[PDB]
Each structure stands twice: as structure tokens, then as C-alpha cells.
Amino acid sequence: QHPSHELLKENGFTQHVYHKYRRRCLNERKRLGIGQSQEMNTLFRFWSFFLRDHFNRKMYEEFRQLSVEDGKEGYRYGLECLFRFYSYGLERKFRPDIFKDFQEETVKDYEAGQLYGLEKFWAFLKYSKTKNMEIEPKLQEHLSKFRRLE
Ligand SMILES: Cn1c[n+]([C@@H]2O[C@H](COP(=O)(O)OP(=O)(O)OP(=O)(O)OC[C@H]3O[C@@H](n4ccc(N)nc4=O)[C@H](O)[C@@H]3O)[C@@H](O)[C@H]2O)c2nc(N)[nH]c(=O)c21
């Protein structure tokens with residue numbers, strides 16, 4: 001029924017349906033204001049799921065850009081979506097450039113006094129089969145807090 005749900009089905013993504021849906025969502029974000037469009041929220045959640053299995057760089061960059069913007073104004077649903085995309089998507093297909101972004105946004109989340117991102121990162125490490133991942137020294141320190149909860 002909802003365009004996000006059509007777009008998420010088996011070979012259900014079409015460009016004209018997505019372009020229409022996106023534009024309305026982004027239009028309603030500007031008209032009503034950040035964090036005040038529920039249709040925009042459906043797009044954060046479409047992106048979180050879609051990009052796990054049909055990654056596209058430009059769509060990823062808008063997702064990350066718009067969710068980081070929302071997060072600084074105080075609306076964290078997009079960032080929560082972003083962090084799930086990182087944690088579940090990098091488990092499907094590891095991409096070292098996306099992994100570096102994941103580290104950058106997690107260290108930012110933690111420096112803001114939040115734990116949602118840091119826990120998704122720890123959870124990625126517990127579930128992932130990727131080997132010889134390079135973890136930033138700063139982030140390695142913050143994760144060191146969860147070893148005590150062992
Ligand atoms: C099996 N599992 C558990 N975790 C992570 O480990 C910690 C403890 O897990 P849980 O207690 O069960 O969730 P919890 O209640 O604590 O918080 P939560 O709200 O659930 O965040 C997670 C949210 O992912 C959404 N969602 C769900 C299903 C799906 N297909 N997509 C989703 O996107 C959904 O919305 C969900 O709620 C949490 O950090 C949790 O994320 C994992 N992480 C990775 N990479 N892979 C995993 O196979 C895995």
C-alpha cells in the first residue's frame with residue numbers, strides 16, 4: 001500500500017515511483033520543518049533497509065547528510081536508522097569506506113553523550129565475520145567500557 005513498501009518488495013524498486021516519493025518527503029521536510037514530517041521518517045526507514053541490499057552511493061550520501069542534520073537539531077530517528085544500516089549492512093557486505101564513515105559517526109555520537117551508535121558498533125563487531133578491521137584508536141578506547149560488562 002505505502003510507496004516505501006512497494007519499493008522494498010522483490011524487484012519492486014522503480015525509479016519513477018522512488019523519485020515521486022522522495023520529492024514529496026523532502027518537500028514536506030522543508031515545508032513542515034526538520035523532525036516534523038512523518039513521511040520523511042518513512043524515507044529514513046526505507047533508506048535504512050533498502051541500502052543494506054541495494055547500496056547506492058548518492059542515496060547513501062543523502063541519507064547520511066540528512067540524518068546527521070536531523071540529529072544536530074534534536075531529531076535522532078534518522079541517525080538511529082543510519083546506525084542500523086551500518087551495523088546490519090556492513091554485516092551483509094563489508095565496505096571499508098562505509099566502515100570508516102561508521103567509525104566517524106559513532107565517535108561523534110559518543111562525544112555527544114549518546115550510546116545508541118556505540119552499541120550498534122559493538123554489536124557489528126560481535127556479529128561480523130570480517131577479519132583485520134582497523135579500528136580508530138579513539139573509538140577503541142570508548143568501546144573498552146563494554147569489556148567490563150563482559
Ligand atoms: C540479532 N541481532 C541483535 N543485534 C543488535 O545487538 C543488540 C541486542 O539486540 P536486540 O535486543 O534484540 O535489539 P534492542 O532491543 O536491544 O535495540 P533495537 O531497537 O532493537 O535496535 C535494533 C533494531 O534493529 C531493527 N531491525 C531488526 C531486524 C532487522 N533485520 N533490521 C532492523 O533494523 C529493529 O528496529 C531493532 O529494534 C542490539 O543493539 C541489536 O541492534 C544485531 N546487530 C547486527 N549487526 N546483526 C544482528 O544479526 C543483530
# chains A, B, ... in the order shown; residues from 1 in each chain; ligands from 1

call {"tool": "residues_near_ligand", "arguments": {"ligand": "ligand 1", "cutoff": "7 Å", "atoms": "only C-alpha atoms and all ligand atoms", "output": "ChimeraX atom specification"}}
result
/A:49,84,87-88,91,119-120,123-124,127

call {"tool": "write_last_selection", "arguments": {"atoms": "N, CA, C and O atoms", "output": "compact mmCIF listing (two decimals), in the first residue's frame"}}
result
# COMPACT_ATOMS: atom_id res chain seq x y z
N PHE A 49 16.72 0.21 5.25
CA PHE A 49 16.55 -1.17 4.80
C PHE A 49 17.02 -1.35 3.35
O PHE A 49 17.76 -2.29 3.05
N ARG A 84 21.62 1.56 12.25
CA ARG A 84 21.18 0.22 11.91
C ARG A 84 21.67 -0.16 10.52
O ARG A 84 22.14 -1.28 10.29
N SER A 87 25.27 -1.16 10.94
CA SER A 87 25.51 -2.37 11.71
C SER A 87 25.02 -3.62 10.99
O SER A 87 25.73 -4.64 10.95
N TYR A 88 23.83 -3.55 10.37
CA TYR A 88 23.29 -4.68 9.64
C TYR A 88 23.78 -4.73 8.20
O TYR A 88 23.92 -5.81 7.65
N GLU A 91 27.42 -6.02 7.87
CA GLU A 91 27.44 -7.47 8.07
C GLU A 91 27.06 -8.19 6.80
O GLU A 91 27.60 -9.25 6.49
N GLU A 119 26.73 1.32 20.75
CA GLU A 119 26.23 -0.04 20.93
C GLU A 119 26.03 -0.74 19.59
O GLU A 119 26.30 -1.95 19.46
N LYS A 120 25.55 -0.03 18.57
CA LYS A 120 25.45 -0.67 17.26
C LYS A 120 26.82 -1.08 16.74
O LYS A 120 26.96 -2.11 16.09
N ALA A 123 27.88 -4.09 18.50
CA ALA A 123 27.09 -5.22 18.01
C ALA A 123 27.57 -5.70 16.64
O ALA A 123 27.59 -6.91 16.38
N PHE A 124 27.91 -4.76 15.75
CA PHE A 124 28.56 -5.13 14.50
C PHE A 124 29.79 -6.03 14.77
O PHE A 124 29.97 -7.08 14.14
N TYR A 127 28.85 -9.58 15.74
CA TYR A 127 28.17 -10.38 14.73
C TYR A 127 28.97 -10.57 13.44
O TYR A 127 28.65 -11.48 12.68

call {"tool": "residues_around", "arguments": {"residues": "residue A:51", "least_positions_apart": "6", "cutoff": "10 Å", "atoms": "only C-alpha atoms", "output": "number ranges by chain"}}
result
A: 57, 59-60, 63, 85-86, 89

call {"tool": "write_last_selection", "arguments": {"atoms": "N, CA and C atoms", "output": "mmCIF file, in the first residue's frame"}}
result
data_model
loop_
_atom_site.group_PDB
_atom_site.id
_atom_site.type_symbol
_atom_site.label_atom_id
_atom_site.label_comp_id
_atom_site.auth_asym_id
_atom_site.auth_seq_id
_atom_site.Cartn_x
_atom_site.Cartn_y
_atom_site.Cartn_z
ATOM 1 N N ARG A 57 25.595 4.952 -3.886
ATOM 2 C CA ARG A 57 26.416 5.893 -3.139
ATOM 3 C C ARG A 57 25.687 7.211 -2.931
ATOM 4 N N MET A 59 22.524 7.895 -2.900
ATOM 5 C CA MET A 59 21.432 7.751 -1.954
ATOM 6 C C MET A 59 21.975 7.611 -0.536
ATOM 7 N N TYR A 60 23.126 6.932 -0.393
ATOM 8 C CA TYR A 60 23.774 6.801 0.908
ATOM 9 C C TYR A 60 24.222 8.150 1.444
ATOM 10 N N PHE A 63 21.105 10.219 2.671
ATOM 11 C CA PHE A 63 20.731 9.584 3.926
ATOM 12 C C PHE A 63 21.633 10.042 5.067
ATOM 13 N N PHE A 85 21.608 0.782 9.580
ATOM 14 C CA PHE A 85 22.101 0.485 8.240
ATOM 15 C C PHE A 85 23.574 0.096 8.296
ATOM 16 N N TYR A 86 24.368 0.828 9.093
ATOM 17 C CA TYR A 86 25.788 0.499 9.232
ATOM 18 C C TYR A 86 25.978 -0.888 9.842
ATOM 19 N N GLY A 89 24.063 -3.578 7.572
ATOM 20 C CA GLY A 89 24.524 -3.594 6.190
ATOM 21 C C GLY A 89 25.970 -4.030 6.046
#

call {"tool": "select_by_dssp", "arguments": {"residues": "stretch 7-127 of chain A", "states": "alpha helix (DSSP H)", "output": "PyMOL selection string"}}
result
chain A and resi 7-8+15-32+38-53+57-73+77-92+96-111+116-127

call {"tool": "residues_around", "arguments": {"residues": "stretch 132-139 of chain A", "least_positions_apart": "5", "cutoff": "8 Å", "atoms": "only C-alpha atoms", "output": "PDB file with N, CA, C and O atoms, in the first residue's frame"}}
result
ATOM      1  N   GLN A 103      32.720   4.556  11.808  1.00  0.00           N
ATOM      2  CA  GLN A 103      33.560   4.944  12.931  1.00  0.00           C
ATOM      3  C   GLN A 103      33.451   6.437  13.209  1.00  0.00           C
ATOM      4  O   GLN A 103      33.343   6.852  14.373  1.00  0.00           O
ATOM      5  N   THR A 106      30.038   7.202  14.826  1.00  0.00           N
ATOM      6  CA  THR A 106      29.957   6.641  16.187  1.00  0.00           C
ATOM      7  C   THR A 106      30.733   7.494  17.203  1.00  0.00           C
ATOM      8  O   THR A 106      30.224   7.796  18.290  1.00  0.00           O
ATOM      9  N   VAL A 107      31.972   7.882  16.871  1.00  0.00           N
ATOM     10  CA  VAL A 107      32.777   8.722  17.760  1.00  0.00           C
ATOM     11  C   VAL A 107      32.090  10.056  18.004  1.00  0.00           C
ATOM     12  O   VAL A 107      32.169  10.625  19.113  1.00  0.00           O
TER      13      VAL A 107
END

call {"tool": "closest_residue", "arguments": {"among": "A:101, A:66, A:43, A:7", "to": "residue A:23", "atoms": "only C-alpha atoms"}}
result
A:43

call {"tool": "atom_distance", "arguments": {"atom1": "atom CA of residue A:109", "atom2": "atom CA of residue A:8"}}
result
28.5 Å

call {"tool": "closest_residue", "arguments": {"among": "A:53, A:64, A:108, A:30", "to": "residue A:11", "atoms": "only C-alpha atoms"}}
result
A:53

call {"tool": "closest_residue", "arguments": {"among": "A:94, A:140, A:74, A:112", "to": "residue A:36", "atoms": "only C-alpha atoms"}}
result
A:74

call {"tool": "closest_residue", "arguments": {"among": "A:17, A:117, A:26, A:130", "to": "residue A:93", "atoms": "only C-alpha atoms"}}
result
A:130

call {"tool": "closest_residue", "arguments": {"among": "A:40, A:125, A:149, A:82", "to": "residue A:22", "atoms": "only C-alpha atoms"}}
result
A:40

call {"tool": "closest_residue", "arguments": {"among": "A:3, A:78, A:33, A:113", "to": "residue A:142", "atoms": "only C-alpha atoms"}}
result
A:113

call {"tool": "atom_distance", "arguments": {"atom1": "atom CA of residue A:102", "atom2": "atom CA of residue A:83"}}
result
7.6 Å

call {"tool": "atom_distance", "arguments": {"atom1": "atom CA of residue A:79", "atom2": "atom CA of residue A:1"}}
result
25.8 Å

call {"tool": "decode", "arguments": {"residues": "stretch 9-39 of chain A", "atoms": "N, CA, C and O atoms", "output": "PDB file, in the first residue's frame"}}
result
ATOM      1  N   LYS A   9       9.806  -4.332  -1.944  1.00  0.00           N
ATOM      2  CA  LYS A   9       9.491  -5.696  -2.313  1.00  0.00           C
ATOM      3  C   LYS A   9      10.436  -6.215  -3.396  1.00  0.00           C
ATOM      4  O   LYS A   9      11.247  -5.481  -3.974  1.00  0.00           O
ATOM      5  N   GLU A  10      10.281  -7.510  -3.677  1.00  0.00           N
ATOM      6  CA  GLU A  10      11.144  -8.213  -4.608  1.00  0.00           C
ATOM      7  C   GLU A  10      11.069  -7.563  -5.974  1.00  0.00           C
ATOM      8  O   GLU A  10       9.984  -7.446  -6.546  1.00  0.00           O
ATOM      9  N   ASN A  11      12.224  -7.145  -6.490  1.00  0.00           N
ATOM     10  CA  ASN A  11      12.303  -6.399  -7.740  1.00  0.00           C
ATOM     11  C   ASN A  11      11.155  -5.390  -7.846  1.00  0.00           C
ATOM     12  O   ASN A  11      10.472  -5.281  -8.861  1.00  0.00           O
ATOM     13  N   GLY A  12      10.924  -4.652  -6.759  1.00  0.00           N
ATOM     14  CA  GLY A  12       9.844  -3.679  -6.764  1.00  0.00           C
ATOM     15  C   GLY A  12      10.326  -2.249  -6.872  1.00  0.00           C
ATOM     16  O   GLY A  12       9.520  -1.336  -7.039  1.00  0.00           O
ATOM     17  N   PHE A  13      11.628  -2.028  -6.785  1.00  0.00           N
ATOM     18  CA  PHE A  13      12.143  -0.675  -6.939  1.00  0.00           C
ATOM     19  C   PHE A  13      11.976  -0.221  -8.385  1.00  0.00           C
ATOM     20  O   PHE A  13      12.440  -0.890  -9.320  1.00  0.00           O
ATOM     21  N   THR A  14      11.281   0.898  -8.577  1.00  0.00           N
ATOM     22  CA  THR A  14      11.303   1.608  -9.852  1.00  0.00           C
ATOM     23  C   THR A  14      11.704   3.055  -9.582  1.00  0.00           C
ATOM     24  O   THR A  14      11.479   3.603  -8.486  1.00  0.00           O
ATOM     25  N   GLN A  15      12.315   3.666 -10.603  1.00  0.00           N
ATOM     26  CA  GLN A  15      12.911   4.981 -10.413  1.00  0.00           C
ATOM     27  C   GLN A  15      11.844   6.062 -10.383  1.00  0.00           C
ATOM     28  O   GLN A  15      11.994   7.049  -9.654  1.00  0.00           O
ATOM     29  N   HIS A  16      10.770   5.888 -11.151  1.00  0.00           N
ATOM     30  CA  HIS A  16       9.751   6.932 -11.172  1.00  0.00           C
ATOM     31  C   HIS A  16       8.931   6.923  -9.896  1.00  0.00           C
ATOM     32  O   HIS A  16       8.516   7.985  -9.429  1.00  0.00           O
ATOM     33  N   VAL A  17       8.690   5.737  -9.316  1.00  0.00           N
ATOM     34  CA  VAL A  17       7.974   5.680  -8.045  1.00  0.00           C
ATOM     35  C   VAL A  17       8.848   6.259  -6.943  1.00  0.00           C
ATOM     36  O   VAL A  17       8.378   7.049  -6.118  1.00  0.00           O
ATOM     37  N   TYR A  18      10.149   5.936  -6.956  1.00  0.00           N
ATOM     38  CA  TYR A  18      11.033   6.443  -5.913  1.00  0.00           C
ATOM     39  C   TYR A  18      11.216   7.957  -6.039  1.00  0.00           C
ATOM     40  O   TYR A  18      11.217   8.676  -5.027  1.00  0.00           O
ATOM     41  N   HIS A  19      11.360   8.462  -7.272  1.00  0.00           N
ATOM     42  CA  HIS A  19      11.587   9.893  -7.438  1.00  0.00           C
ATOM     43  C   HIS A  19      10.395  10.692  -6.906  1.00  0.00           C
ATOM     44  O   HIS A  19      10.565  11.680  -6.190  1.00  0.00           O
ATOM     45  N   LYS A  20       9.176  10.277  -7.268  1.00  0.00           N
ATOM     46  CA  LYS A  20       7.959  10.892  -6.743  1.00  0.00           C
ATOM     47  C   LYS A  20       7.948  10.895  -5.214  1.00  0.00           C
ATOM     48  O   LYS A  20       7.755  11.930  -4.577  1.00  0.00           O
ATOM     49  N   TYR A  21       8.185   9.727  -4.619  1.00  0.00           N
ATOM     50  CA  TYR A  21       8.099   9.564  -3.172  1.00  0.00           C
ATOM     51  C   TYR A  21       9.134  10.425  -2.445  1.00  0.00           C
ATOM     52  O   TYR A  21       8.806  11.145  -1.490  1.00  0.00           O
ATOM     53  N   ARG A  22      10.392  10.346  -2.886  1.00  0.00           N
ATOM     54  CA  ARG A  22      11.470  11.166  -2.346  1.00  0.00           C
ATOM     55  C   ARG A  22      11.124  12.658  -2.339  1.00  0.00           C
ATOM     56  O   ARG A  22      11.243  13.331  -1.312  1.00  0.00           O
ATOM     57  N   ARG A  23      10.752  13.182  -3.500  1.00  0.00           N
ATOM     58  CA  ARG A  23      10.449  14.595  -3.665  1.00  0.00           C
ATOM     59  C   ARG A  23       9.375  15.062  -2.692  1.00  0.00           C
ATOM     60  O   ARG A  23       9.549  16.068  -1.996  1.00  0.00           O
ATOM     61  N   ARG A  24       8.268  14.328  -2.611  1.00  0.00           N
ATOM     62  CA  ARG A  24       7.242  14.638  -1.616  1.00  0.00           C
ATOM     63  C   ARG A  24       7.820  14.673  -0.199  1.00  0.00           C
ATOM     64  O   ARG A  24       7.636  15.654   0.534  1.00  0.00           O
ATOM     65  N   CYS A  25       8.548  13.621   0.194  1.00  0.00           N
ATOM     66  CA  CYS A  25       9.182  13.582   1.515  1.00  0.00           C
ATOM     67  C   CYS A  25      10.100  14.783   1.751  1.00  0.00           C
ATOM     68  O   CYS A  25       9.967  15.501   2.750  1.00  0.00           O
ATOM     69  N   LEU A  26      11.066  15.001   0.851  1.00  0.00           N
ATOM     70  CA  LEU A  26      11.943  16.156   1.004  1.00  0.00           C
ATOM     71  C   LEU A  26      11.155  17.472   0.967  1.00  0.00           C
ATOM     72  O   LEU A  26      11.436  18.393   1.740  1.00  0.00           O
ATOM     73  N   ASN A  27      10.166  17.576   0.083  1.00  0.00           N
ATOM     74  CA  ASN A  27       9.328  18.768   0.064  1.00  0.00           C
ATOM     75  C   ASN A  27       8.641  18.963   1.421  1.00  0.00           C
ATOM     76  O   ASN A  27       8.681  20.047   2.006  1.00  0.00           O
ATOM     77  N   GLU A  28       8.058  17.897   1.973  1.00  0.00           N
ATOM     78  CA  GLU A  28       7.391  18.020   3.277  1.00  0.00           C
ATOM     79  C   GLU A  28       8.392  18.284   4.426  1.00  0.00           C
ATOM     80  O   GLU A  28       8.054  18.995   5.384  1.00  0.00           O
ATOM     81  N   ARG A  29       9.635  17.804   4.330  1.00  0.00           N
ATOM     82  CA  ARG A  29      10.648  18.195   5.315  1.00  0.00           C
ATOM     83  C   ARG A  29      10.881  19.710   5.320  1.00  0.00           C
ATOM     84  O   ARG A  29      10.957  20.327   6.389  1.00  0.00           O
ATOM     85  N   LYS A  30      10.988  20.331   4.143  1.00  0.00           N
ATOM     86  CA  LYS A  30      11.200  21.775   4.110  1.00  0.00           C
ATOM     87  C   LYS A  30       9.960  22.524   4.573  1.00  0.00           C
ATOM     88  O   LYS A  30      10.052  23.459   5.375  1.00  0.00           O
ATOM     89  N   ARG A  31       8.787  22.126   4.091  1.00  0.00           N
ATOM     90  CA  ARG A  31       7.576  22.883   4.389  1.00  0.00           C
ATOM     91  C   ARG A  31       7.286  22.866   5.882  1.00  0.00           C
ATOM     92  O   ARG A  31       7.045  23.920   6.497  1.00  0.00           O
ATOM     93  N   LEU A  32       7.276  21.672   6.475  1.00  0.00           N
ATOM     94  CA  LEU A  32       6.866  21.474   7.862  1.00  0.00           C
ATOM     95  C   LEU A  32       8.021  21.643   8.843  1.00  0.00           C
ATOM     96  O   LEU A  32       7.797  22.051   9.982  1.00  0.00           O
ATOM     97  N   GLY A  33       9.233  21.357   8.426  1.00  0.00           N
ATOM     98  CA  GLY A  33      10.386  21.526   9.281  1.00  0.00           C
ATOM     99  C   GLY A  33      11.003  20.189   9.643  1.00  0.00           C
ATOM    100  O   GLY A  33      10.330  19.147   9.674  1.00  0.00           O
ATOM    101  N   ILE A  34      12.313  20.218   9.899  1.00  0.00           N
ATOM    102  CA  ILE A  34      13.032  19.024  10.327  1.00  0.00           C
ATOM    103  C   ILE A  34      12.319  18.374  11.496  1.00  0.00           C
ATOM    104  O   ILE A  34      11.918  19.041  12.463  1.00  0.00           O
ATOM    105  N   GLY A  35      12.185  17.063  11.429  1.00  0.00           N
ATOM    106  CA  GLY A  35      11.634  16.300  12.528  1.00  0.00           C
ATOM    107  C   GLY A  35      10.136  16.387  12.651  1.00  0.00           C
ATOM    108  O   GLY A  35       9.554  15.776  13.557  1.00  0.00           O
ATOM    109  N   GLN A  36       9.489  17.095  11.754  1.00  0.00           N
ATOM    110  CA  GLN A  36       8.069  17.349  11.828  1.00  0.00           C
ATOM    111  C   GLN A  36       7.274  16.701  10.699  1.00  0.00           C
ATOM    112  O   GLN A  36       6.033  16.795  10.699  1.00  0.00           O
ATOM    113  N   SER A  37       7.944  16.000   9.773  1.00  0.00           N
ATOM    114  CA  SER A  37       7.288  15.227   8.724  1.00  0.00           C
ATOM    115  C   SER A  37       7.405  13.728   9.001  1.00  0.00           C
ATOM    116  O   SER A  37       8.511  13.173   9.018  1.00  0.00           O
ATOM    117  N   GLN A  38       6.256  13.073   9.207  1.00  0.00           N
ATOM    118  CA  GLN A  38       6.252  11.622   9.381  1.00  0.00           C
ATOM    119  C   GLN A  38       6.560  10.927   8.059  1.00  0.00           C
ATOM    120  O   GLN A  38       7.141   9.844   8.043  1.00  0.00           O
ATOM    121  N   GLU A  39       6.202  11.530   6.934  1.00  0.00           N
ATOM    122  CA  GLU A  39       6.597  10.910   5.671  1.00  0.00           C
ATOM    123  C   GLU A  39       8.109  10.908   5.505  1.00  0.00           C
ATOM    124  O   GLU A  39       8.666   9.964   4.933  1.00  0.00           O
TER     125      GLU A  39
END
